[PDB]
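Below you will find one chain, with nothing else, as structure tokens; this is the form deposited in one PDB entry, and questions on how it binds or moves follow later.
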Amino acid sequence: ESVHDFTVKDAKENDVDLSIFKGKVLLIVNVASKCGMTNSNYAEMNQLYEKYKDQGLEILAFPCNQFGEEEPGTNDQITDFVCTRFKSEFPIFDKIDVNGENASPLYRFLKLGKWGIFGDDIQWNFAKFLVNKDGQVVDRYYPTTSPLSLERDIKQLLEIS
């Protein structure tokens, strides 16, 4: 009934119980390393993280190769890439499918959000979802909406003026 009922695998194929993120607002993003939007999204995510990580924001990055095969590497290559180019401090999880019958259970839940308004297939790399502290998905954004465009909603969810 909430995002906390789910478990996903980390970059090393180990389970991570999402309930450990209770009390935090989640910015969930499907990522890709070889996309035209890669540099701007990771960079902007870094800015949001630095500014809000200590205020309740957690960013979950899920690699996905279902869009133009722009995330073809292994988990190690993906994490090594981010480690080198972006130095991101938020977690990078195991590669997953976001659409189709093998889509992660987490994403199926995300798509049930807001009366089914979020039912659409993930359109491309870097779609975003925001989950409130109550563990319910409240916002979804098209891949073309860069991370910084979500700051207003992030502040609202973190109750920051």
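Here, rigid core means the biggest group of C-alpha atoms that superpose within 1.5 Å across both forms. Residues that one form lacks are left out of the comparison. The first residue of the shown sequence is 1; numbering continues from there.
So which stretch wins on mean C-alpha B-factor, 102 to 110 or 56 to 64?
According to the PDB entry, the answer is 102 to 110.
Using only the Cα atoms and their B-factors as the entry lists them, report which of 92 to 100 and 126 to 134 averages higher.
Stretch with the greater average CA B-factor: 92 to 100.
Quick one: classify residue 139 as lowest, middle or highest third of the chain based on its Cα B-factor.
For residue 139, the deposited C-alpha B-factor lands in the lowest third.
Thinking about Cα B factors across the chain, which third does residue 17 belong to?
It belongs to the middle third of the chain when residues are ordered by C-alpha B-factor.
Compared with the other modelled residues in the chain, in which third is the CA B-factor of residue 118?
For residue 118, whose C-alpha B-factor we compare with every modelled residue in the chain, the answer is the middle third.
Which third of the chain holds residue 50 when residues are ordered by C-alpha B factor: lowest, middle or highest?
It falls in the middle third of the chain.
For residue 43, does the deposited CA B-factor place it in the lowest, middle or highest third of the chain?
Lowest third of the chain for residue 43's C-alpha B-factor.
The same protein has a further form, the form deposited in another entry, not shown here; the description that follows concerns it.
Of 65, 104, 132, 38, which is the single residue whose C-alpha shifts by 2 angstroms or more between this form and the one not shown after core superposition?
Among the listed residues, the outlier is 38.
Relative Cα spacing, residue 66 and residue 81, in that other deposited form - shift of 3 Å or more:
Their C-alpha distance shrinks by at least 3 Å in that other deposited form.
At a change of 3 Å or more, would you call the C-alpha separation of residue 154 and residue 70 in that other deposited form closer or farther than in the form supplied?
Relative to this form, farther apart in that other deposited form.
Segments displaced between this form and the one not shown (3 or more residues, each Cα shift of 2 Å or more, core-superposed):
CA shift runs, sequence order: 33 to 39, 68 to 88.
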